[PDB]
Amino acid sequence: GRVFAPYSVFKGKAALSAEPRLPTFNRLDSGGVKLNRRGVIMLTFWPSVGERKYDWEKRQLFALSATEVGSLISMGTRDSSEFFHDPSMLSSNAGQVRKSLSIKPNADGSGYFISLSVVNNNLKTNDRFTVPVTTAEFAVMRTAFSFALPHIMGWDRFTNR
């Protein structure tokens, strides 16, 4: 069944959570197994209400694909990347919701700012959660993501006994 062991970062204005969603497989009728829906690294952002307390119900999600992960783990100190996602893509509700994840170095080079933006043209809202991430914390993600990458790709199945 499910497993809940997210790496989390709690800061002044918002919280960040990251955990792997494994790929789904389909047992073929040839006997073997085929990778079906792809795994990701899910990112959850949510706001801090009141004093050191976080409103879990106003949360927004961002699914990192294998390639977006590779883009992140290969980031240099002075590098920055930005990903743009439409949840309801190739679907009926396209163009309506627009997510954009940005990773930028801060002035000091003492880390990055990781912010999620969500623009919903249906509900007429504009949300933005930003979380500062230190070098040590981003080292955690880098390493944890690297480790997780083969698994979300399904490559952990290629095992000798």
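Heads up: residue numbers just count along the shown sequence, starting at 1.
Averaged over Cα atoms, the B-factor as recorded in the entry is higher for 115 to 123 than for the other of 61 to 69 and 115 to 123.
The PDB entry reports B-factors from which the mean C-alpha value can be compared for 130 to 138 and 48 to 56; the larger average falls on 48 to 56. In this PDB entry, the Cα temperature factor of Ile103 sits in the middle third of its chain's modelled residues.
Per-chain ranking of the deposited C-alpha B factor places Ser91 in the highest third.
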